[PDB]
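Everything below concerns the one structure shown next.
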Amino acid sequence: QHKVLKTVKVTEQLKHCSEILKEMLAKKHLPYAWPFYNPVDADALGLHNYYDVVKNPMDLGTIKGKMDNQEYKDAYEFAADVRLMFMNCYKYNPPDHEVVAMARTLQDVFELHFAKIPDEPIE
Amino acid sequence: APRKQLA
């Protein structure tokens, strides 16, 4: 075989993912990332229809928790949760909502960083 | 319809 072990590359890639998550949680992005630090509080916000339209809520805090608990089998799985988070926002809010603009700015950060993970994501 | 209000 030789070369690098697949389990090692996956771990390296998940480490890059952790670093991307850390980047997204930095104070630098606070102006447009804060709405995604925690789960959306439908109750406290009066969004009585949030869990109706959004079947799988997601947020940076939860993704951070799953990463810390070694729950992602690979980078694609991590990416899916990040995109789910943005998808939820685009689906629940009106296209012109201020939070949508913030999501897209934060997604600009994510996509540009994720894509620069050395080589291409392994399964 | 409800709408989220960011602060």
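Going through the structure tokens in order, the chains are called A, B, and so on, while each chain numbers its residues from 1 and the ligands are numbered from 1 in the order shown.
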
(Q) Tell me as number ranges by chain which residues belonging to chain A come within 8 Å of chain B, counting only C-alpha atoms. (A) A: 35, 45-49, 93, 99

Please, could you write that set of residues out with N, CA and C atoms as a PDB file, in the first residue's frame?
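Dumped everything to again.pdb:
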ATOM      1  N   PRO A  35     -26.295  35.289  14.471  1.00  0.00           N
ATOM      2  CA  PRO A  35     -27.607  34.629  14.409  1.00  0.00           C
ATOM      3  C   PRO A  35     -27.511  33.113  14.243  1.00  0.00           C
ATOM      4  N   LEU A  45     -38.986  33.627  19.996  1.00  0.00           N
ATOM      5  CA  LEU A  45     -39.145  34.569  18.894  1.00  0.00           C
ATOM      6  C   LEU A  45     -40.577  34.598  18.371  1.00  0.00           C
ATOM      7  N   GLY A  46     -41.409  33.697  18.881  1.00  0.00           N
ATOM      8  CA  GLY A  46     -42.793  33.658  18.450  1.00  0.00           C
ATOM      9  C   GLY A  46     -42.966  32.952  17.121  1.00  0.00           C
ATOM     10  N   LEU A  47     -41.901  32.318  16.648  1.00  0.00           N
ATOM     11  CA  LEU A  47     -41.970  31.591  15.392  1.00  0.00           C
ATOM     12  C   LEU A  47     -42.664  30.280  15.728  1.00  0.00           C
ATOM     13  N   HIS A  48     -43.992  30.311  15.773  1.00  0.00           N
ATOM     14  CA  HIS A  48     -44.756  29.115  16.096  1.00  0.00           C
ATOM     15  C   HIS A  48     -44.783  28.116  14.949  1.00  0.00           C
ATOM     16  N   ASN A  49     -44.328  28.546  13.776  1.00  0.00           N
ATOM     17  CA  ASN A  49     -44.311  27.677  12.602  1.00  0.00           C
ATOM     18  C   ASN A  49     -42.896  27.272  12.189  1.00  0.00           C
ATOM     19  N   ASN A  93     -36.992  32.157   6.208  1.00  0.00           N
ATOM     20  CA  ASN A  93     -37.112  33.593   6.092  1.00  0.00           C
ATOM     21  C   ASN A  93     -37.419  34.099   4.693  1.00  0.00           C
ATOM     22  N   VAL A  99     -31.501  38.598   7.745  1.00  0.00           N
ATOM     23  CA  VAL A  99     -30.798  37.395   8.171  1.00  0.00           C
ATOM     24  C   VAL A  99     -30.346  36.564   6.976  1.00  0.00           C
TER      25      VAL A  99
END

Q: Please identify all polymer residues within 12 Å of residue 8 in chain A, counting only C-alpha atoms, omitting same-chain residues fewer than 6 positions from it, and present them as a list in words.
A: residues 14, 15, 74 and 122 of chain A

Include C-alpha atoms and write out the residues we just selected as a CSV table (one decimal), in the first residue's frame.
chain,number,residue,atom,x,y,z
A,14,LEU,CA,-11.9,16.7,9.8
A,15,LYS,CA,-9.2,18.8,11.5
A,74,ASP,CA,-16.0,12.8,7.1
A,122,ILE,CA,-12.7,11.8,1.1

**Q.** Å distance separating CA of residue 42 in chain A from CA of residue 78 in chain A, one decimal place
**A.**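 So the two atoms, CA of residue 42 in chain A and CA of residue 78 in chain A, lie 24.3 Å apart.
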
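Between residue 58 in chain A and the candidates A:18, A:97, A:37, A:116, the tightest atom-to-atom separation, counting only C-alpha atoms, involves A:37.
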
Q) Which polymer residues have any atom within 12 Å of an atom of residue 22 in chain A, counting only C-alpha atoms, with same-chain residues fewer than 5 positions away left out, as a PyMOL selection string? A) chain A and resi 15-17+27-29+33+37+60-61+63-64+67-68+109-110+113

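Distance-wise, CA of residue 83 in chain A and CA of residue 11 in chain A end up 20.7 Å apart.
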
Q. What is the CA of residue 115 in chain A to CA of residue 76 in chain A distance in Å?
A.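 Between CA of residue 115 in chain A and CA of residue 76 in chain A the gap is 11.1 Å.
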
Q: Might you pull out every residue within 12 Å of residue 119 in chain A, with only C-alpha atoms counted and same-chain residues fewer than 6 positions away left off, and present them as an MDAnalysis selection string?
A: chainID A and resid 9:10 12:13 16

Q.
What's around residue 100 in chain A at 10 Å? Count only C-alpha atoms, leave out sequence neighbours fewer than 6 positions away in its own chain, and write the answer as JSON, numbers by chain.
A. {"A": [32, 86, 87, 89, 90, 91, 92, 93, 94, 106]}

Q.
DSSP on the backbone: which residues in range 11-120 of chain A end up as alpha helix (DSSP H)? Give the answer as an MDAnalysis selection string.
A. chainID A and resid 11:24 30:33 42:45 50:53 60:68 75:92 98:114
